[PDB]
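Encoded as structure tokens, the structure appears first; notes follow it.
Coordinate-derived values only; no laboratory data. Neighbour counts are summed over all protein chains in view; Cβ atoms, including those assigned to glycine, are modelled from backbone coordinates with ideal geometry.
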Amino acid sequence: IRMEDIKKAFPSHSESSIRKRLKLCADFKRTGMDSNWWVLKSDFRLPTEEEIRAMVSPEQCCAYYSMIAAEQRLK
DNA sequence: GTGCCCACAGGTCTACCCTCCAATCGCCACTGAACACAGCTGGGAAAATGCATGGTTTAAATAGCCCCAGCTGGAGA
């Protein structure tokens, strides 16, 4: 993957925060091939679709959106 | 060898838990009040005792009256 795809999706995320999830599972290849890409580690098993669905629920996303909208209105 | 990133450590702030203090309620102990029972006093009722005007016998000074009772004369056998 590329880092600025994630920086386009989450632009409020700073340094450490946005790349602490790239710290694990990914490694910054910059030499020869795959240069300036974050390749997936060969020992890392990418989680299946049901595990990724079990990570975050849509209702948690709605609760987070309610929190940040109320944060804006109060601010 | 200078900008810039990630990781680890430290500090601060928030949350939860435990401890202490205060307040309230309940129970027990003591005090006060009320009710009930007993005793003493006072009043009323009943019973018992102390009554009073009649009588009484003792004459006698009288006198009318009245039953009876002798009793003696008269009559009959």
**OP:** May I ask you to list the residues in region A:55-65 that are farther than 18 Å from A:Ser12 by Cα and more than 16 Å from the chain's Cα centre (by Cα)?
**Re:** A:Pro58, A:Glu59, A:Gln60, A:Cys62, A:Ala63
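Looking only at region A:11-62, count every residue that is within 13 Å of DNA strand B (Cβ to nearest atom) and part of a loop (DSSP other than H, G, I, E, B) and tell me the total.
Filtering region A:11-62 for residues within 13 Å of DNA strand B (Cβ to nearest atom) gives A:13-28, A:30, A:36, A:38, A:41.
Those left that are additionally part of a loop (DSSP other than H, G, I, E, B): A:13-14, A:20-25, A:30, A:36, A:41.
Result for region A:11-62: 11.
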Subject >> Of the criteria (1) exposed (fewer than 10 other Cβ atoms within 10 Å of the Cβ); (2) in contact with a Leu (Cβ under 8 Å, 6 or more places away or on another chain), which one A:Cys25 fails >> reply: (1)
